[PDB]
Amino acid sequence: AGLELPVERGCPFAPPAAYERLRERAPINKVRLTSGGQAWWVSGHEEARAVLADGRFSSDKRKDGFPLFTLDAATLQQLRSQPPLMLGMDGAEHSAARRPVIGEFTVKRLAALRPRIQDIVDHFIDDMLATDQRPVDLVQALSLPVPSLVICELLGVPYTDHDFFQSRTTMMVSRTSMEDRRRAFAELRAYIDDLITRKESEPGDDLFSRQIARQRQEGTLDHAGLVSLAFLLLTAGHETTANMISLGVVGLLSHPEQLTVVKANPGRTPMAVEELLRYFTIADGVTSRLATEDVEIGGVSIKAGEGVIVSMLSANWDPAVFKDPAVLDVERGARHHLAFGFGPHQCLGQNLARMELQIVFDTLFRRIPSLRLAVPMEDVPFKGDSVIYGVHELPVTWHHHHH
Ligand code: HEM
Ligand SMILES: [Fe+3]
């Protein structure tokens, strides 16, 4: 297996065959990188947690040797042409960047947000129940607009702007035209920049306001840093969630017995959302690291300066922790999944995500119980060649009845 990673996700109900055969060989294997390099590939679940929690495996893209797995040469160069992202800093510097935002995702904080989320979901579910289309693309009706608007709600954009925020955000993930996206971000970075300025003078009940207040009361303002935060949040939480919604439906639909459980008792939904996250693990290899020291792990001696890639999808399908990992079992209480990562960088909005999905799945199947795929499974175009797994478009329908 001189194989060169990454390997495309060809089947949405089983990870690349090569992945399993790699784990069967060892918890950690040195692999070939299509990008040209070479790096360590962690397939074992225990080792996955190990590295992701071990600070010796840096996430700083400013370091020579950082793996070009999910990164371009140009993408790496861009990151080295601006301040580091939270997703790219270590220890103290990281902590300092995360502490001031941890509060925006507490149980209480997110609790007050719930209603706003429900309303957004209900709205689009409505728009669906009134479409003049035979088949409807669940991706453009639900998947995309929901996470984006939920986030702008969080940041604090006025309701009177949802349409704008929805169109630019949606285009920033456009499939065609590298310029449309560029033009999308552009118009947004402008909106957000001024929106914040407005907030500085007469705030409200949003993240922006609360942030501007802390910086003032604490040390001093950082307009750019705040503008940067907004995008970090939108960026790391829009497509991931969207794709999770898409795959969540397809997964639930392709497993009736499981869908009935969720549809029968909504209290079982939260645990179902966890199984769905493990099952698909759409962030698979975004957890690339750069060893800054020599480390003995997984029975392998990793030398400093070498790249380390943690495969979350591989860890979440590790049979040594998840009995029959190949089966979609909403019932299993198997905690410890890594779809959200592990360690210092574990997903900051993992709970906002859990909330969205939970609300989306319940509402969707409660309001449109007979929802089914408008086309055969093999026809649904999955984003199997994308860094973050998902589905390009998902045609669907339901039964319009009479009494
Ligand atoms: C919906 C599915 C989502 C998945 C699967 C997901 C997954 C992840 C993963 C795996 C990481 C760690 C990456 C690494 O360590 O290199 C991460 C980080 C992060 N995610 Fe998400 N995420 C999701 C949604 C969100 C949402 C909704 C937000 C909030 C807007 C969010 C905010 C973040 C932030 C800020 C980080 C960086 C944390 C840090 O640097 O310490 N994520 N996410
Ligand atoms: Fe009726």
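Each residue takes a number counted from 1 along its chain in the order the sequence is written, a numbering that need not match the entry; residues with no coordinates do not appear. Chains carry letters and ligands carry numbers; both start at the beginning, A for chains and 1 for ligands, and go up in the order they are written. The side-chain numbers reported here are obtained from all heavy atoms of the structure, hydrogens and water having been left aside.

- Per the deposited record, determination of this structure is attributed to X-ray crystallography, with the resolution reported as 2.8 Å.

**Comments concerning the overall build of the chain**
Next up, step 1: Labels follow the DSSP assignment, with helices taken as runs of H or I lasting at least four residues and strands as runs of E lasting at least two, numbered in each case from the N terminus. When helices and strands are counted, the chain shows 16 helices and 11 strands.
Next up, step 2: Against the compact-globule benchmark of 22 Å for 403 residues, the chain has a radius of gyration of 21 Å, which places it among compact chains.
Next up, step 3: In terms of its C-alpha atoms, the chain occupies a principal-axis envelope of roughly 70 × 55 × 40 Å.
Next up, step 4: Categorising residues by exposure relies on relative accessible area from a 1.4 Å probe, with only protein chains included: less than 20% of the type maximum marks a residue as buried, more than 50% marks it as exposed, and the intermediate range marks it as partly exposed. Counting across all 403 residues of the chain, residues that qualify as buried make up 50%.
Next up, step 5: Areas reported here follow the Shrake-Rupley algorithm with a probe of radius 1.4 Å; residue values treat only the protein chains shown as occluding. Counting every atom, the chain has about 18,900 Å² of accessible surface; 53% of that belongs to carbon and sulfur.
Next up, step 6: Distance between charge centres in the chain, computed from 43 positive and 52 negative side chains, equals 2 Å. Put simply, the radius of gyration uses C-alpha atoms, and a globule should come to 2.2 Å times the residue count raised to 0.38. Neither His nor the chain ends is counted toward charge; the positive residues are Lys and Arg and the negative residues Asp and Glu. The location of each charge is read from NZ of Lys, CZ of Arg, CG of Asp or CD of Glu.

**Looking at the pairing of strand β3 (residues 38-42)**
A regular strand places its side chains so that they alternate between the two faces of the sheet.
Next up, step 1: Among the five residues that make up β3, four are buried, leaving the element largely enclosed by the rest of the structure.
Next up, step 2: One ladder, built from five bridges, connects strand β2 (residues 28-33) with β3; its direction is antiparallel. What sits directly across from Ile28, in β3, is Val42.
Next up, step 3: Turn length for the β2-β3 hairpin, with the two strands adjacent in sequence and antiparallel, is four residues, and the turn residue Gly36 shows positive phi of about 115°.
Next up, step 4: Bridge count between β3 and strand β9 (residues 307-310): four bridges; the pairing is parallel. By the bridge assignment, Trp40 is partnered in β9 with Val308. DSSP-based pairing: two strands are paired if at least 2 bridges between them are found.

**Quick word on helix α9 (residues 178-200)**
Next up, step 1: An expected span of 1.5 Å times one less than the residue number is assigned to each helix. Here α9 is 23 residues long and its end C-alpha atoms lie 33 Å apart, about the 33 Å a rise of 1.5 Å per residue gives.
Next up, step 2: Turning to α9, its buried residues number three or more, namely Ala184, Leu188, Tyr191, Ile192, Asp193, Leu195, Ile196, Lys199 and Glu200.
Next up, step 3: The contact criterion used is simple: two residues touch if any of their non-hydrogen atoms lie within 4.5 Å. Buried-residue contacts for α9 involve α8 (162-171), α10 (207-218) and α11 (223-237).
Next up, step 4: One or two residues past the end of α9 sits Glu202, with phi positive at roughly 85°.

**Considering the coordination of the iron ion (ligand 2)**
Next up, step 1: Distances up to 2.8 Å from the metal define which N, O and S atoms are donors, and 3.2 Å serves for Na, K and Ca; water is absent from the atom set, so sites may look incomplete. Within the protein, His401 (NE2) and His403 (NE2) serve as the donor atoms for the iron ion (ligand 2), at 2.2 to 2.4 Å.
Next up, step 2: Under the relative-accessibility criterion, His401 is labelled partly exposed at 48%.
Next up, step 3: The class of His403 is exposed, set by a relative accessible area of 94%.

**Observations regarding the pattern of salt bridges**
Next up, step 1: The salt bridge definition used is simple: a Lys or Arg side-chain nitrogen within 4 Å of an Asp or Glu carboxyl oxygen. Tallying each qualifying case throughout the model produces 22 salt bridges.
Next up, step 2: The salt bridge partner of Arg210 is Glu104, with a shortest N-O separation of 3.2 Å. Taken together, the residues span a long stretch of sequence, with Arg210 in helix α10 and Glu104 in the loop between α4 (91-102) and α5 (107-128) at a distance of 106 residues.
Next up, step 3: For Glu104, a relative accessible area of 5% puts it in the buried group.
Next up, step 4: Between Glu239 and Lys383 there is a salt bridge, and its shortest N-O distance comes to 2.7 Å.

**A word on the coordination of the iron atom of ligand 1**
Next up, step 1: If you check the protein contacts of the iron atom of ligand 1, you find one donor only, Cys347 (SG), at 2.6 Å.
Next up, step 2: Within the fold, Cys347 resides in the loop between α15 (312-315) and α16 (350-367).

**What to know about the site of ligand 1**
Next up, step 1: Neighbouring ligand 1 are 23 residues, the closest being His94, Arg98, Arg289, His345 and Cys347.
Next up, step 2: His94 has a polar side-chain atom sitting 2.7 Å from an oxygen atom of ligand 1.
Next up, step 3: As used in this structure description, the phrase polar contact means that two N or O atoms lie within 3.5 Å; if the pair is within protein, one of them must be able to donate a hydrogen and the other to accept it, and residues adjacent in sequence are counted only when both atoms belong to side chains. Contact distances for ligand 1 include 2.9 Å between an oxygen atom and a side-chain N or O atom of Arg98.
Next up, step 4: Residues of the shell around ligand 1, tallied by class, amount to 13 nonpolar, eight polar and two charged. Note on terminology: near, applied to a residue and a molecule or strand, indicates that one of the residue's heavy atoms is within 4 Å of it. Residues are grouped as follows: nonpolar covers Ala, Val, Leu, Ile, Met, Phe, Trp, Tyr, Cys and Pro; charged covers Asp, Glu, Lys and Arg; every other residue, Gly included, is treated as polar.

**So, the sheet that holds strand β10 (residues 372-373)**
Next up, step 1: Within the open sheet, the three strands sit side by side as β5-β11-β10. Their pairing is antiparallel. Looking at which strands have only one partner, the edges of the open sheet turn out to be β5 (136-137) and β10.
Next up, step 2: Pairing between β10 and strand β11 (residues 395-397): two bridges, direction antiparallel. The residue of β11 that forms the bridge with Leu373 is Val396.

**Re the side chain of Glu47**
Next up, step 1: Topologically, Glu47 is positioned in helix α2 (residues 45-53).
Next up, step 2: No salt bridge is formed by the buried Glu47. Its closest oppositely charged neighbour is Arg23, at 8.4 Å.
Next up, step 3: Excluding anything up to four places from it in sequence, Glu47 contacts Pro27, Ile28, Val42 and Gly298.

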